[PDB]
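Enquirer: Below is model.pdb; it holds PDB, C-alpha atoms.
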```
MODEL        1
ATOM      1  CA  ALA A  88       5.041 -12.507   3.955
ATOM      2  CA  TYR A  89       3.842 -11.007   7.227
ATOM      3  CA  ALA A  90       1.341  -8.550   5.736
ATOM      4  CA  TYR A  91       0.090  -7.086   2.455
ATOM      5  CA  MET A  92      -0.322  -3.348   1.784
ATOM      6  CA  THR A  93      -2.025  -2.190  -1.392
ATOM      7  CA  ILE A  94      -1.914   1.414  -2.586
ATOM      8  CA  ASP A  95      -4.431   2.651  -5.159
ATOM      9  CA  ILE A  96      -3.705   6.086  -6.577
ATOM     10  CA  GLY A  97      -6.446   8.363  -7.884
ATOM     11  CA  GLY A  98     -10.016   7.419  -8.634
ATOM     12  CA  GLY A  99      -8.642   4.538 -10.697
ATOM     13  CA  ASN A 100      -5.086   4.488 -12.072
ATOM     14  CA  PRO A 101      -1.883   2.868 -10.615
ATOM     15  CA  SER A 102      -2.429  -0.119  -8.327
ATOM     16  CA  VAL A 103       0.328  -1.965  -6.443
ATOM     17  CA  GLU A 104       0.602  -4.432  -3.563
ATOM     18  CA  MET A 105       3.436  -4.303  -1.034
ATOM     19  CA  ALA A 106       4.337  -7.511   0.774
ATOM     20  CA  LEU A 107       6.008  -6.778   4.114
ATOM     21  CA  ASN A 108       8.168  -8.826   6.475
ATOM     22  CA  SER A 109       8.309  -8.871  10.292
ATOM     23  CA  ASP A 110      10.498  -5.730  10.254
ATOM     24  CA  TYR A 111       7.904  -3.707   8.269
ATOM     25  CA  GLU A 112      10.218  -3.837   5.228
ATOM     26  CA  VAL A 113       8.928  -4.300   1.674
ATOM     27  CA  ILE A 114      10.020  -7.701   0.364
ATOM     28  CA  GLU A 115       7.641  -7.962  -2.623
ATOM     29  CA  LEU A 116       6.345  -5.166  -4.862
ATOM     30  CA  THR A 117       3.565  -6.334  -7.177
ATOM     31  CA  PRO A 118       1.919  -4.148  -9.833
ATOM     32  CA  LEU A 119      -1.757  -4.901 -10.386
ATOM     33  CA  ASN A 120      -2.294  -2.876 -13.582
ATOM     34  CA  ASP A 121      -0.196  -1.269 -16.304
ATOM     35  CA  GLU A 122       0.108   2.127 -14.615
ATOM     36  CA  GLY A 123       1.224   0.424 -11.411
ATOM     37  CA  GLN A 124       3.802  -1.408 -13.517
ATOM     38  CA  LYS A 125       5.421   1.835 -14.690
ATOM     39  CA  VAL A 126       5.633   3.074 -11.083
ATOM     40  CA  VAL A 127       7.224  -0.116  -9.733
ATOM     41  CA  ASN A 128       9.758  -0.102 -12.580
ATOM     42  CA  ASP A 129      10.838   3.413 -11.541
ATOM     43  CA  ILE A 130      11.114   2.746  -7.796
ATOM     44  CA  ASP A 131      14.744   2.090  -6.875
ATOM     45  CA  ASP A 132      15.992   0.239  -3.779
ATOM     46  CA  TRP A 133      12.692  -0.878  -2.306
ATOM     47  CA  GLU A 134      13.810  -4.376  -1.290
ATOM     48  CA  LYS A 135      14.216  -4.637   2.503
ATOM     49  CA  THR A 136      13.237  -0.947   2.725
ATOM     50  CA  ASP A 137      10.845   0.389   5.361
ATOM     51  CA  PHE A 138       7.373   0.591   3.853
ATOM     52  CA  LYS A 139       6.834   4.259   4.750
ATOM     53  CA  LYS A 140       9.729   5.228   2.479
ATOM     54  CA  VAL A 141       8.399   3.012  -0.329
ATOM     55  CA  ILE A 142       5.033   4.776  -0.008
ATOM     56  CA  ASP A 143       6.906   8.086  -0.332
ATOM     57  CA  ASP A 144       8.544   6.875  -3.550
ATOM     58  CA  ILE A 145       5.278   5.516  -4.969
ATOM     59  CA  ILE A 146       3.397   8.774  -4.370
ATOM     60  CA  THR A 147       6.250  10.903  -5.725
ATOM     61  CA  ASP A 148       6.469   8.712  -8.828
ATOM     62  CA  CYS A 149       2.686   8.835  -9.313
ATOM     63  CA  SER A 150       2.705  12.640  -9.116
ATOM     64  CA  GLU A 151       5.562  12.866 -11.611
ATOM     65  CA  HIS A 152       3.681  10.587 -14.030
ATOM     66  CA  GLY A 153       0.544  12.725 -13.685
ATOM     67  CA  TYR A 154      -1.551  10.219 -11.721
ATOM     68  CA  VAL A 155      -2.028  12.401  -8.587
ATOM     69  CA  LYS A 156      -2.360  16.113  -7.902
ATOM     70  CA  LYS A 157      -3.197  18.004  -4.722
ATOM     71  CA  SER A 158      -6.508  17.062  -3.024
ATOM     72  CA  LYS A 159      -6.697  13.751  -4.918
ATOM     73  CA  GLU A 160      -7.379  10.392  -3.314
ATOM     74  CA  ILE A 161      -4.997   7.709  -2.052
ATOM     75  CA  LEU A 162      -6.430   4.408  -0.814
ATOM     76  CA  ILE A 163      -4.395   2.019   1.334
ATOM     77  CA  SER A 164      -5.566  -1.372   2.565
ATOM     78  CA  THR A 165      -3.736  -3.715   4.920
ATOM     79  CA  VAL A 166      -4.126  -7.477   5.310
ATOM     80  CA  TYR A 167      -2.386  -9.497   8.027
ATOM     81  CA  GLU A 168      -1.321 -13.104   7.634
ATOM     82  CA  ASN A 169      -1.149 -13.743  11.398
ATOM     83  CA  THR A 170      -4.449 -12.428  12.755
ATOM     84  CA  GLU A 171      -3.128 -13.042  16.290
ATOM     85  CA  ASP A 172       0.027 -10.862  16.214
ATOM     86  CA  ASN A 173      -1.602  -7.786  17.701
ATOM     87  CA  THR A 174       1.811  -6.247  18.453
ATOM     88  CA  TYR A 175       2.665  -6.185  14.744
ATOM     89  CA  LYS A 176      -0.811  -4.866  13.873
ATOM     90  CA  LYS A 177      -0.585  -2.030  16.407
ATOM     91  CA  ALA A 178       2.825  -1.045  15.042
ATOM     92  CA  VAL A 179       1.556  -0.973  11.440
ATOM     93  CA  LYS A 180      -1.497   1.124  12.369
ATOM     94  CA  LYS A 181       0.803   3.474  14.271
ATOM     95  CA  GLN A 182       3.043   3.800  11.226
ATOM     96  CA  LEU A 183       0.049   4.219   8.905
ATOM     97  CA  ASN A 184      -1.200   7.089  11.069
ATOM     98  CA  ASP A 185       2.243   8.682  10.640
ATOM     99  CA  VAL A 186       1.833   8.269   6.873
ATOM    100  CA  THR A 187      -1.687   9.701   6.665
ATOM    101  CA  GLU A 188      -0.806  12.587   9.000
ATOM    102  CA  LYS A 189       2.178  13.425   6.790
ATOM    103  CA  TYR A 190      -0.097  13.647   3.725
ATOM    104  CA  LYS A 191      -3.420  14.880   5.141
ATOM    105  CA  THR A 192      -2.889  18.383   3.709
ATOM    106  CA  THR A 193      -1.829  17.273   0.211
ATOM    107  CA  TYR A 194      -4.027  14.218  -0.457
ATOM    108  CA  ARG A 195      -7.287  12.749   0.812
ATOM    109  CA  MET A 196      -5.991   9.596   2.476
ATOM    110  CA  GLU A 197      -8.030   6.473   3.236
ATOM    111  CA  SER A 198      -6.570   3.552   5.211
ATOM    112  CA  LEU A 199      -8.634   0.355   5.449
ATOM    113  CA  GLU A 200      -7.966  -3.064   6.982
ATOM    114  CA  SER A 201      -9.157  -6.285   5.346
ATOM    115  CA  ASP A 202      -8.298  -9.989   5.542
ATOM    116  CA  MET A 203      -6.734 -12.781   3.497
ATOM    117  CA  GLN A 204     -10.195 -14.086   2.575
ATOM    118  CA  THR A 205     -11.142 -10.792   0.913
ATOM    119  CA  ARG A 206      -7.669 -10.561  -0.663
ATOM    120  CA  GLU A 207      -8.149 -13.905  -2.442
ATOM    121  CA  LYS A 208     -11.528 -12.797  -3.809
ATOM    122  CA  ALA A 209      -9.861  -9.625  -5.091
ATOM    123  CA  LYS A 210      -7.067 -11.730  -6.605
ATOM    124  CA  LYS A 211      -9.620 -13.879  -8.432
ATOM    125  CA  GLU A 212     -10.985 -10.607  -9.853
ATOM    126  CA  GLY A 213      -7.475  -9.487 -10.836
ATOM    127  CA  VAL A 214      -7.654  -6.265  -8.793
ATOM    128  CA  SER A 215      -6.162  -4.920  -5.570
ATOM    129  CA  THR A 216      -7.690  -5.764  -2.207
ATOM    130  CA  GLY A 217      -8.377  -2.067  -1.632
ATOM    131  CA  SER A 218     -10.105  -1.576  -4.978
ATOM    132  CA  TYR A 219     -12.302  -4.602  -4.201
ATOM    133  CA  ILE A 220     -13.907  -3.156  -1.055
ATOM    134  CA  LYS A 221     -14.457  -0.043  -3.182
ATOM    135  CA  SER A 222     -16.192  -2.219  -5.799
TER
ENDMDL
END
```
Can the structure from this file be put into structure tokens for me?

Expert:
Amino acid sequence: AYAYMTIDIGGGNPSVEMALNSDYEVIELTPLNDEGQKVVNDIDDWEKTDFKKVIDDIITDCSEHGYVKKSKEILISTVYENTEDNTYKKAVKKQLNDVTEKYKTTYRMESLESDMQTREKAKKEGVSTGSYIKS
């Protein structure tokens, strides 16, 4: 994969990791807890889909399951495999700003950037990268 996006919904409920390719499309969708598993099993046609649309489906599905309401928190973290592809990184941060701007009035959005090294420590703890910097 080119990069890994995690989304953690609420103060501590569904947790998923998106693996993305060079075209910013979601190629892997990994639940990290049981609530994240119900979400992923409801999301339809996410393979090769632009990650901004998959975020839309995840947040909609979390709201419909009762995991988010207005003014609640959404935490996104991004890890890059190729630390030296700054062009890719700039494009993701641009697209993440489009995502957070779209939701700034409904949810409190937090977008963090981490690294593989931290992601492996989070994986050894069985939790999302994002939830690990918050731990």

Enquirer: Quick one: residues within 6 Å of region 142-159 of chain A, all atoms listed in the file, excluding same-chain residues fewer than 5 positions away - as a PDB file with C-alpha atoms, in the frame of the given file?

Expert:
```pdb
ATOM      1  CA  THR A 193      -1.829  17.273   0.211  1.00  0.00           C
ATOM      2  CA  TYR A 194      -4.027  14.218  -0.457  1.00  0.00           C
ATOM      3  CA  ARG A 195      -7.287  12.749   0.812  1.00  0.00           C
TER       4      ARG A 195
END
```

Enquirer: Go through region 137-193 of chain A residue by residue and, counting all atoms listed in the file, keep those with an atom at most 12 Å from region 106-125 of chain A; for each kept residue give the shortest atom pair and its distance in Å to one decimal, ordered by chain and increasing number, as a tab-separated table.

Expert:
```
residue	atom	partner	partner_atom	distance
A:137	CA	A:112	CA	4.3
A:138	CA	A:112	CA	5.4
A:139	CA	A:111	CA	8.8
A:140	CA	A:112	CA	9.5
A:141	CA	A:113	CA	7.6
A:142	CA	A:113	CA	10.0
A:145	CA	A:123	CA	9.2
A:146	CA	A:123	CA	11.1
A:148	CA	A:125	CA	9.1
A:149	CA	A:123	CA	8.8
A:151	CA	A:125	CA	11.5
A:152	CA	A:125	CA	8.9
A:153	CA	A:122	CA	10.6
A:154	CA	A:122	CA	8.8
A:164	CA	A:106	CA	11.8
A:165	CA	A:106	CA	9.8
A:166	CA	A:106	CA	9.6
A:167	CA	A:107	CA	9.7
A:168	CA	A:107	CA	10.3
A:169	CA	A:109	CA	10.7
A:172	CA	A:109	CA	10.4
A:174	CA	A:109	CA	10.8
A:175	CA	A:109	CA	7.7
A:176	CA	A:111	CA	10.4
A:177	CA	A:111	CA	11.9
A:178	CA	A:111	CA	8.9
A:179	CA	A:111	CA	7.6
A:180	CA	A:111	CA	11.3
A:181	CA	A:111	CA	11.7
A:182	CA	A:111	CA	9.4
A:183	CA	A:111	CA	11.2
```

Enquirer: If I take CA of residue 94 (chain A) and CA of residue 217 (chain A), how far is one from the other in Å, to one decimal?

Expert: 7.4 Å

Enquirer: Nearest residue to residue 199 (chain A) out of A:93, A:128, A:100, A:222, using only C-alpha atoms?

Expert: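 The closest residue to residue 199 (chain A) is A:93.
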
Enquirer: Please provide as a ChimeraX atom specification all residues within 7 Å of residue 196 (chain A), with the sequence filter that same-chain residues fewer than 6 positions apart are discarded (counting all atoms listed in the file).

Expert: /A:160-162,187

Enquirer: What's the separation between CA of residue 132 (chain A) and CA of residue 192 (chain A), in Å to one decimal place?

Expert: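 Calculated distance between CA of residue 132 (chain A) and CA of residue 192 (chain A) is 27.2 Å.
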
Enquirer: I need the residue nearest residue 218 (chain A) from this list: A:186, A:163, A:105, A:90. Use all atoms listed in the file for the distance.

Expert: A:163

Enquirer: Given only C-alpha atoms as the basis, pick out the residue of A:188, A:197, A:134, A:171 nearest to residue 95 (chain A).

Expert: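 Looking at the shortest contact to residue 95 (chain A), the residue is A:197.
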
Enquirer: Between A:219, A:170, A:133, A:190, single out the one closest to residue 99 (chain A), counting only C-alpha atoms.

Expert: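 Looking at the shortest contact to residue 99 (chain A), the residue is A:219.
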
Enquirer: I'd like to see the residues matched by the PyMOL selection byres ((chain A and resi 203) around 9) on this file, and ideally I'd get them as a PyMOL selection string.

Expert: chain A and resi 91+166-168+201-202+204-208

Enquirer: Distance CA of residue 212 (chain A)-CA of residue 136 (chain A), one decimal place?

Expert: 29.0 Å
